[PDB]
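Chemist: Right, I'll just put the structure down here and ask away after.
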There are 2 protein chains.
Amino acid sequence: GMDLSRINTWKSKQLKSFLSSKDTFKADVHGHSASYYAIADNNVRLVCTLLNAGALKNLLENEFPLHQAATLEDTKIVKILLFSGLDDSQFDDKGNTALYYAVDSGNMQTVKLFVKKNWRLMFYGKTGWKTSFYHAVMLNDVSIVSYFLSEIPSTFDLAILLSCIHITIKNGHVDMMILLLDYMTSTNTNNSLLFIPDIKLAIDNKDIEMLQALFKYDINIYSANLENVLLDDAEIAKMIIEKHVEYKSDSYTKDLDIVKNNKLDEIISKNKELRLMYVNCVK
Amino acid sequence: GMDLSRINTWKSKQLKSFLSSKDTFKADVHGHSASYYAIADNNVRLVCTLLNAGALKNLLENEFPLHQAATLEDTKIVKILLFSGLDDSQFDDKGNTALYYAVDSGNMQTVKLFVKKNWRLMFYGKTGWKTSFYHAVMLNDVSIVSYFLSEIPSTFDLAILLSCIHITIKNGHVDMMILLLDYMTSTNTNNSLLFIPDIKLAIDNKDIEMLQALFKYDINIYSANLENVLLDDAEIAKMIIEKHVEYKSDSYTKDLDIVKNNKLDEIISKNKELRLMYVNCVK
């Protein structure tokens, strides 16, 4: 019955012997190998000695050393393991990459390490909800996400953008949404209004800073059936009307089919408060 | 059944005749008086004609003209009604002041009007949760709150600060929290660590931007029992330890009793992972 947990305190004689034994790459009574303890203590010298003895040719079915090394602040074991030929896109038993754990541990230097290797790693995961990009968004880690976006090539269109927007609006992360909105605006190649799915959610919560930030951008106020809410809350109704009025005088928007044949003007004309709001927007 | 809803169209003759009648200050079939419709329309000239005929000496129990005028963007009727001697601190049938409705409508000019008159108005309401100040916080209206704080005299300590912080952290309003935190720091006359009740809330949610903003201030990391959470999540545990370590080197904090006799050092020293983190801060 074996216990390796104290391996980092062993001297040469005991380690050398151990590494000669038939036990050297077995898991102990706690279920961990020697590589696991060396990594956990950031024992670079020991890690390498284990690697020199053939530890990576004898990994168990539940051990993912790269994923483990990704939680360390010192990136050296991660460098060593990549040099040894470990695959940076491998999933563990929870469908996560090593990058995911660098995000989850907030190790920026390890995040930058994997992303300089290939930026595509930020979008690998068993599910969309298991990608390093989405997890950064979900954690409201504005630094990591700002960094991720600076590394997406223009040649690429973010697919998972709608799930990100949802969780962001839902949980009130306004700086995050500004980042996502700046990115949508800058990659708006067909020059249309921005489709924000959960604008209804921000209305219902009435987060004034969130709404004010949304309305700074060329958002699609029409494909949300927002005309239904113009008689609901006047402060918000005024923001929508102000936007609509702007869209009717902006050459970028005034001749769009969505603006021309809108169902808002109908509701505005039938009500008196809304009419007041409109004409006060016009100057 | 009498109906006054068109009154804003009436001409002087019909109006002059109605103001002579015994019906002049009754509510109609819809339940509204003439002043109500005039106000709703922002019909300043008609409001004044109604005031001149004695409308304010004949208010019914459910009539709150100032609260109604506060929802208008034009502040003129609010000015008129205050000249006529209406009480700016009166509660309506819901325990709210007129200022509450200026906040709820987002009318900054009306907010500034009531506050220049009497800054204390921002803290009047049936309950703490009905104050204009709390309502602005709950709406995440950072502009209104930023304005309100600039108008609190140093001679005053804000009482409701507790519930404002709760709602802010519960709902992820980082810029709001930053406002409240700068205010707390500015008025920290006892030069103590900041007491932040819902710290455990931001830990459970793991909002990285919220936690990073919280940890920039001299917050009380000790009166939360946080040592409990040091073995839970390593990214967060590391922010706590970094802070604690700084508190032991800062002359502002190192000789505080709460720091000296802390329950964290215990837990730090018993765990290898924790001592790892501790020693890396410590350089």
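How things are named: the first chain in the structure tokens is A, the next is B, and so on; residues count from 1 in each chain; ligands count from 1 in the order shown.
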For the full set of C-alpha atoms taken in order, report to one decimal the RMSD after fitting chain B onto chain A.
Modeler: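 The optimal C-alpha superposition leaves an RMSD of 0.2 Å.
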Chemist: For the contact check between chain B and chain A, emit one row per residue of chain B within 8 Å, containing the shortest atom pair and the distance in Å rounded to one decimal, counting only C-alpha atoms, chain then rising number order, as a tab-separated table.
Modeler:
residue	atom	partner	partner_atom	distance
B:41	CA	A:273	CA	7.7
B:104	CA	A:235	CA	7.5
B:105	CA	A:235	CA	5.0
B:106	CA	A:235	CA	6.1
B:139	CA	A:207	CA	5.5
B:140	CA	A:207	CA	5.4
B:141	CA	A:208	CA	5.1
B:142	CA	A:209	CA	6.6
B:171	CA	A:172	CA	6.6
B:172	CA	A:172	CA	5.6
B:173	CA	A:172	CA	6.6
B:174	CA	A:173	CA	7.9
B:206	CA	A:139	CA	6.3
B:207	CA	A:140	CA	5.5
B:208	CA	A:141	CA	5.2
B:209	CA	A:140	CA	5.8
B:234	CA	A:105	CA	6.7
B:235	CA	A:105	CA	5.0
B:273	CA	A:41	CA	7.6
B:276	CA	A:41	CA	7.9
Chemist: How would the residues just chosen look if you wrote them out with N, CA and C atoms as a tab-separated table (two decimals), in the first residue's frame?
Modeler:
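The result, stored in result25.tsv:
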chain	number	residue	atom	x	y	z
B	41	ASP	N	-50.40	66.25	-20.20
B	41	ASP	CA	-50.14	66.87	-21.51
B	41	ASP	C	-49.01	67.89	-21.54
B	104	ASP	N	-37.07	57.65	-11.29
B	104	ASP	CA	-37.70	56.54	-12.00
B	104	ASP	C	-37.96	56.86	-13.48
B	105	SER	N	-38.14	58.14	-13.77
B	105	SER	CA	-38.35	58.63	-15.16
B	105	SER	C	-37.04	59.01	-15.83
B	106	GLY	N	-35.97	58.97	-15.05
B	106	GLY	CA	-34.67	59.44	-15.50
B	106	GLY	C	-34.65	60.90	-15.88
B	139	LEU	N	-31.59	50.76	-9.73
B	139	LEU	CA	-31.80	50.90	-11.18
B	139	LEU	C	-30.49	50.83	-11.93
B	140	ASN	N	-29.40	50.74	-11.17
B	140	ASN	CA	-28.04	50.93	-11.68
B	140	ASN	C	-27.94	52.21	-12.50
B	141	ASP	N	-28.52	53.30	-12.01
B	141	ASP	CA	-28.36	54.58	-12.71
B	141	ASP	C	-27.15	55.36	-12.17
B	142	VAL	N	-25.99	55.06	-12.73
B	142	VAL	CA	-24.72	55.54	-12.20
B	142	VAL	C	-24.61	57.06	-12.25
B	171	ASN	N	-26.32	41.88	-7.90
B	171	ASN	CA	-26.69	42.02	-9.31
B	171	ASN	C	-25.56	42.45	-10.26
B	172	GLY	N	-24.33	42.46	-9.77
B	172	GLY	CA	-23.16	42.58	-10.63
B	172	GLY	C	-22.84	43.98	-11.16
B	173	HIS	N	-23.20	45.04	-10.40
B	173	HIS	CA	-23.06	46.41	-10.91
B	173	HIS	C	-21.71	47.04	-10.50
B	174	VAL	N	-20.68	46.69	-11.25
B	174	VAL	CA	-19.31	47.03	-10.89
B	174	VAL	C	-19.06	48.52	-10.75
B	206	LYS	N	-18.32	34.26	-8.31
B	206	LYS	CA	-17.02	34.42	-8.97
B	206	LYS	C	-17.11	35.37	-10.19
B	207	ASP	N	-17.45	36.64	-9.92
B	207	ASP	CA	-17.45	37.71	-10.89
B	207	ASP	C	-16.06	38.32	-10.84
B	208	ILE	N	-15.19	37.98	-11.79
B	208	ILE	CA	-13.78	38.40	-11.72
B	208	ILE	C	-13.61	39.92	-11.72
B	209	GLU	N	-14.34	40.62	-12.59
B	209	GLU	CA	-14.27	42.09	-12.59
B	209	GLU	C	-14.75	42.70	-11.25
B	234	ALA	N	-8.98	28.64	-6.18
B	234	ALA	CA	-7.60	28.96	-5.95
B	234	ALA	C	-7.30	30.32	-6.51
B	235	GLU	N	-8.00	30.69	-7.57
B	235	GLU	CA	-7.88	32.01	-8.14
B	235	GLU	C	-8.32	33.06	-7.12
B	273	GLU	N	-0.33	24.02	-0.53
B	273	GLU	CA	-0.83	24.94	-1.58
B	273	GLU	C	-0.93	26.41	-1.11
B	276	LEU	N	2.57	27.86	-0.40
B	276	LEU	CA	3.02	28.18	-1.76
B	276	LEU	C	2.59	29.61	-2.13
Chemist: Residues at most 9 Å from residue 92 in chain B, counting only C-alpha atoms, excluding those fewer than 4 positions away in the same chain, as a list in words?
Modeler: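 The residues satisfying every condition are residues 62, 63, 64, 67, 96, 97 and 98 of chain B.
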Chemist: With N, CA and C atoms retained, could you export that selection as a PDB file, in the first residue's frame?
Modeler:
ATOM      1  N   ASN B  62     -56.443  61.087  -3.476  1.00  0.00           N
ATOM      2  CA  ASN B  62     -55.510  60.329  -4.315  1.00  0.00           C
ATOM      3  C   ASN B  62     -54.741  61.180  -5.337  1.00  0.00           C
ATOM      4  N   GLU B  63     -54.825  62.502  -5.224  1.00  0.00           N
ATOM      5  CA  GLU B  63     -54.166  63.437  -6.154  1.00  0.00           C
ATOM      6  C   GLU B  63     -52.825  63.926  -5.652  1.00  0.00           C
ATOM      7  N   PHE B  64     -51.771  63.601  -6.393  1.00  0.00           N
ATOM      8  CA  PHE B  64     -50.401  64.030  -6.074  1.00  0.00           C
ATOM      9  C   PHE B  64     -49.762  64.704  -7.287  1.00  0.00           C
ATOM     10  N   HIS B  67     -45.796  64.787  -7.758  1.00  0.00           N
ATOM     11  CA  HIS B  67     -45.309  63.470  -8.133  1.00  0.00           C
ATOM     12  C   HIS B  67     -45.587  63.221  -9.616  1.00  0.00           C
ATOM     13  N   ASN B  96     -43.784  57.272  -1.751  1.00  0.00           N
ATOM     14  CA  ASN B  96     -42.704  57.850  -2.515  1.00  0.00           C
ATOM     15  C   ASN B  96     -42.808  59.345  -2.562  1.00  0.00           C
ATOM     16  N   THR B  97     -41.654  60.006  -2.643  1.00  0.00           N
ATOM     17  CA  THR B  97     -41.584  61.449  -2.881  1.00  0.00           C
ATOM     18  C   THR B  97     -41.694  61.758  -4.384  1.00  0.00           C
ATOM     19  N   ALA B  98     -41.832  63.029  -4.741  1.00  0.00           N
ATOM     20  CA  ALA B  98     -41.759  63.438  -6.150  1.00  0.00           C
ATOM     21  C   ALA B  98     -40.367  63.159  -6.739  1.00  0.00           C
TER      22      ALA B  98
END
Chemist: Which polymer residues have any atom within 9 Å of an atom of residue 237 in chain B, counting only C-alpha atoms, with same-chain residues fewer than 6 positions away left out, as a ChimeraX atom specification?
Modeler: /B:226-227,229-231,274,277
Chemist: Convert the current residue selection to file output with N, CA, C and O atoms, as a PDB file, in the first residue's frame.
Modeler:
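That gives us out.pdb:
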ATOM      1  N   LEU B 226     -13.481  34.441   5.807  1.00  0.00           N
ATOM      2  CA  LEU B 226     -13.043  34.022   4.498  1.00  0.00           C
ATOM      3  C   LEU B 226     -12.029  32.879   4.511  1.00  0.00           C
ATOM      4  O   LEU B 226     -11.929  32.146   3.558  1.00  0.00           O
ATOM      5  N   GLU B 227     -11.274  32.734   5.586  1.00  0.00           N
ATOM      6  CA  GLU B 227     -10.391  31.592   5.741  1.00  0.00           C
ATOM      7  C   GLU B 227     -11.094  30.289   5.404  1.00  0.00           C
ATOM      8  O   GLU B 227     -10.504  29.369   4.890  1.00  0.00           O
ATOM      9  N   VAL B 229     -12.854  29.737   2.933  1.00  0.00           N
ATOM     10  CA  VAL B 229     -13.070  29.697   1.507  1.00  0.00           C
ATOM     11  C   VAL B 229     -11.706  29.546   0.781  1.00  0.00           C
ATOM     12  O   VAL B 229     -11.630  29.430  -0.455  1.00  0.00           O
ATOM     13  N   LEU B 230     -10.630  29.531   1.575  1.00  0.00           N
ATOM     14  CA  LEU B 230      -9.262  29.501   1.053  1.00  0.00           C
ATOM     15  C   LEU B 230      -8.914  28.198   0.332  1.00  0.00           C
ATOM     16  O   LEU B 230      -8.029  28.168  -0.525  1.00  0.00           O
ATOM     17  N   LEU B 231      -9.619  27.126   0.680  1.00  0.00           N
ATOM     18  CA  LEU B 231      -9.394  25.841   0.054  1.00  0.00           C
ATOM     19  C   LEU B 231     -10.446  25.567  -1.005  1.00  0.00           C
ATOM     20  O   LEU B 231     -10.486  24.480  -1.568  1.00  0.00           O
ATOM     21  N   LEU B 274      -1.512  26.610   0.075  1.00  0.00           N
ATOM     22  CA  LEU B 274      -1.668  27.943   0.644  1.00  0.00           C
ATOM     23  C   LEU B 274      -0.317  28.609   0.965  1.00  0.00           C
ATOM     24  O   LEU B 274      -0.098  29.763   0.579  1.00  0.00           O
ATOM     25  N   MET B 277       1.281  29.842  -2.257  1.00  0.00           N
ATOM     26  CA  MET B 277       0.740  31.179  -2.582  1.00  0.00           C
ATOM     27  C   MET B 277       1.276  32.276  -1.671  1.00  0.00           C
ATOM     28  O   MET B 277       1.686  33.331  -2.141  1.00  0.00           O
TER      29      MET B 277
END
Chemist: Residues at most 10 Å from residue 243 in chain A, counting only C-alpha atoms, excluding those fewer than 5 positions away in the same chain, as a VMD selection string?
Modeler: chain A and resid 215 to 221 237 to 238 248 281
Chemist: Could you write out, as a VMD selection string, all the residues of range 2-174 of chain A that DSSP marks as alpha helix (DSSP H)?
Modeler: chain A and resid 12 to 20 34 to 40 44 to 52 65 to 69 76 to 83 98 to 105 108 to 117 132 to 138 142 to 149 161 to 170 174
Chemist: So how far away is CA of residue 82 in chain B from CA of residue 21 in chain B, in Å?
Modeler: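 Between these atoms lies a distance of 27.0 Å.
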Chemist: How many Å separate CA of residue 88 in chain A from CA of residue 65 in chain A?
Modeler: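 Going from CA of residue 88 in chain A over to CA of residue 65 in chain A covers 10.9 Å.
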